[PDB]
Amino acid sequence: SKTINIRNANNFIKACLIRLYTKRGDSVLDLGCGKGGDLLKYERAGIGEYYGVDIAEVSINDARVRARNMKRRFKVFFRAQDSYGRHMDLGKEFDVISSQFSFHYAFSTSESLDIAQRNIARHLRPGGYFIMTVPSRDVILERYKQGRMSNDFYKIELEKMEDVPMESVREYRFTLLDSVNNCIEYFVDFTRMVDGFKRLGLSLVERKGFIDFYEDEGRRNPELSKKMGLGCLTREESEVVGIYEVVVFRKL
């Protein structure tokens, strides 16, 4: 594939994120879990329990199979439901709630983000963490102003008719080689997210771009790097990976 380095970079960053906020025996609530790729990662992390939730039944299906045919130590749970736009009560708290490449889908509407943030807060143990990897609105708009919103690997189209402020835009279409097609994404209203979380007892403790994060952790953990071809990136690739940022909140 032409997206291998990108995939490896993203998994690495994700692996480092997990490594940074999870301790042995932790309980993890993976939201928008998808096919459950992070299962192997949580395994190396020695977590005690893993709960996977995704609105797409088709995704949960692959996650189940995955958890079923893998050498794992933690207990596993799965549920196919909307964890952002519909009330959720799994009946227990977690040490770490993870949303990898999907919490932005929680910004469809004002009410939607509210439910989502409230769903994260009621399932998070005091002191627990909410780790995430969301697309950066600042980045996307700046690239917008550069008139360069694509290349071989991806493409982004902002939805804005005549007489419409740029800052007014709340969604765009995203396409990634060997992945989503004209997939609609909602911009992360950072300030609204932060505030909303502050009222629920969660405060921001981290926010860094994928390239710097990639670079930093890379110069501080060369071992896991080599363990997956991680050793550099082209400019085209870096632009895809450059789209995202790491954001962590903590229930204080």
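Just count from 1 along the sequence shown to find any residue number. Heads up, when I say rigid core I mean the largest set of C-alphas that superpose within 1.5 Å between the two forms.
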Taking RMS over all structures and residues, which stretch has CA atoms farther from the shown form in 6 other deposited structures of this protein, 41-49 or 217-225, after a rigid core fit? 217-225
With reference to the PDB entry, specify whether the mean Cα temperature factor is higher for 27-35 or for 63-71. 63-71
Do the CA atoms of 218-226 or those of 179-187 have the higher mean B-factor in the entry? 218-226
Using only the C-alpha B-factors in the record, can you name which of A116, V169, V139, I131 has the highest? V169
Lowest, middle or highest third: where is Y51 by C-alpha B factor in its chain? lowest
What third of its chain, lowest, middle or highest, does the C-alpha temperature factor of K160 fall into? highest
CA B-factor ranking of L233, expressed as a third of its chain: highest
Going by the recorded CA B-factors, say which third of the chain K41 sits in, lowest, middle or highest. lowest
Which third, lowest, middle or highest, does the C-alpha temperature factor of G147 belong to within its own chain? highest
